[PDB]
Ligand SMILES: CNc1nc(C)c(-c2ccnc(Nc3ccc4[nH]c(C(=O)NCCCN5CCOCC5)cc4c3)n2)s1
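Just the one chain here, laid out as structure tokens, in the form deposited without the named molecule.
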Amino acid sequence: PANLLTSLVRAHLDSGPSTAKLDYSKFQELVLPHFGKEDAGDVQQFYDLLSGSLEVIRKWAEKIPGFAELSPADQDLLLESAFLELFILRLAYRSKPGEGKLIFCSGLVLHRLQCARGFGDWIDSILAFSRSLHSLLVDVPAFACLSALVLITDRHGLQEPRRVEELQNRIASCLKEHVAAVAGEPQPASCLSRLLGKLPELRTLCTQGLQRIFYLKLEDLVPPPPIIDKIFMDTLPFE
């Protein structure tokens, strides 16, 4: 149970690596003593980790009941506008901040110190958020709704903002009755307002992502892939 809750759960679990398909062939806890200060390699990896999730988040979104029923312009705006947030949220939930382990959606496992030069201090902020997310001890169905709710949310330029809002309300309702379905002791709506407290912090983290990309576009060692670029420019709110 139940039918919305189970589709979400399935779309979530299907959009990422099983425990058995994790790839450690690249993971090095020891690296340094060095920097890039930015090397091409760092930057090209940063961007490749980013692009990797694109196709994955896009197929995940399609399995959300109702998402395929929004206008195609609305589907593309939600996806573009939520991309960085979904990338951070899913990374944060997937990773293991106690050990400094980042686990990407391909299955690829990397150490923080392997990510540092590419992501800059951003990786540290993501890790902090992941530490905080972990201690909320959020279950899979709660997570399945939370990420869906990051995607399905009001955005400037929506064609059918009311239909996006009814789809979001179904999801929030599903969430609310699921975290109340674990009743004793909590049943609180404290659990709830704590998990929902994680969305603004996420938006703040996304801004830090846009900051890193601005910085890398500035130095121009290696251009972003056009779809990341398009999201950067389509979502920077300023002729």
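The first residue of the sequence shown is number 1, and the count goes up from there. Basically, rigid core = biggest C-alpha set you can superpose within 1.5 Å across the two forms.
Here the subject shifts to the form deposited with the named molecule bound, a form of this protein not shown in this document.
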query	finding
Non-hydrogen atom within 4.5 angstroms of the named molecule in the entry with it bound for each of 17, 93 and 98	yes
4.5 angstroms heavy atom contact with the named molecule in the entry with it bound for residue 60	yes
is_contact(residue 163, the named molecule) in the entry with it bound, heavy atom dist at most 4.5 Å	no
Proximity of residue 134 to the named molecule in the entry with it bound, heavy atoms at 4.5 Å	yes
Residue 143, heavy atom within 4.5 angstroms of the named molecule in the entry with it bound	yes
Per-residue C-alpha change between this form and the one not shown, residue 65, threshold 2 Å, rigid core fit	no
Large Cα shift (2 Å or above) at residue 214 between this form and the one not shown, core-fitted	no
Flag for residue 36, CA shift 2 Å or larger between this form and the one not shown after aligning core	yes
Pairwise C-alpha change, residue 33 versus residue 118, in the entry with it bound against this form - closer or farther, 3 angstroms or more	closer
